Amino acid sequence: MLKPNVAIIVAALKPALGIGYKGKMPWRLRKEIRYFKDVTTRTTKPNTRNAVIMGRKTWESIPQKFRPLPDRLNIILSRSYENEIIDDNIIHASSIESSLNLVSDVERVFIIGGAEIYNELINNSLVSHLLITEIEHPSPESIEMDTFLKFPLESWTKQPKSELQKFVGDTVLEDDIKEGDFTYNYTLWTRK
């Protein structure tokens, strides 16, 4: 696949954009997880699949029995990896672009984390869309976190919900989803 448009998908707590704590997510939002699954799995084309790219640490955080993520091509990046097709569902690579040369029959490509991956790859011009779940809590500074996005949001434009809906197609998009003390909304951003 030559120069595909790639999207980052992440859930972050406002206003600091915290995303993790000691290798884990700082919340368990059941509905958000199902949205993640639907968005990264759904395709429009016939014999296609989407690809999900992640850093080695994120991969290793999934219990062995639950990896690869089903129904998507999984790509794992490590600076130590050779560019290798493991099986039909798993690819090893040392760079995003290199990994994409190994794929065919992919519709969309999503970067799913983690922090190092996100913070590096946001500056790669292949990245054209950000799908950010914006989480809010009454006392954000009560939720322990050690990992944050460092995204140059002044160079991006948040689109109206209508553009998000068009991006996700079928997927039901509820507003102001509340779970425990957290309230969240899905957003789409594109480059200025």
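Counting begins at 1, following the sequence as shown. Under this definition, the rigid core comprises the largest set of C-alpha atoms superposing within 1.5 Å between the forms.
J.: State which stretch is farther from the displayed form on average in 9 other deposited structures of this protein, 110-118 or 94-102, counting RMS CA distance after fitting on the rigid core.
T.: Most displaced of the pair in 9 other deposited structures of this protein: 94-102.
J.: Going by the B-factors listed in the PDB entry, is the mean over the C-alpha atoms higher for 24-32 or for 42-50?
T.: Going by the record's values, the stretch with the higher mean is 42-50.
J.: Select between 9-17 and 168-176 the stretch whose C-alpha atoms have the higher average B-factor in the entry.
T.: Looking at the recorded C-alpha B-factors, 168-176 comes out higher on average.
J.: Highest Cα temperature factor in the entry, among the options 71, 82, 97, 87: which one is it?
T.: Comparing C-alpha B-factors across 71, 82, 97, 87, the top value belongs to 82.
J.: According to the Cα B-factor stored in this entry, which of the following is highest: 157, 142, 64, 133?
T.: In this record, 142 carries the highest C-alpha B-factor of the candidates.
J.: Using the temperature factors of the C-alpha atoms in this entry, rank residue 123 within its chain: lowest, middle or highest third.
T.: Residue 123: CA B-factor falls in the middle third of its chain.
J.: Relative to the other modelled residues in the chain, which third contains the C-alpha temperature factor of residue 93: lowest, middle or highest?
T.: Tercile = middle for this residue's CA B-factor.
J.: Can you work out whether the C-alpha temperature factor of residue 150 puts it in the lowest, middle or highest third of the chain?
T.: According to the entry, residue 150 has a C-alpha B-factor in the chain's highest third.
J.: For the chain shown, is the CA B-factor of residue 57 in the lowest, middle or highest third of its modelled residues?
T.: As the PDB entry reports it, the C-alpha B-factor of residue 57 lands in the lowest third of its chain.
J.: Using the temperature factors of the C-alpha atoms in this entry, rank residue 109 within its chain: lowest, middle or highest third.
T.: Middle third, going by the recorded CA B-factors of the chain.
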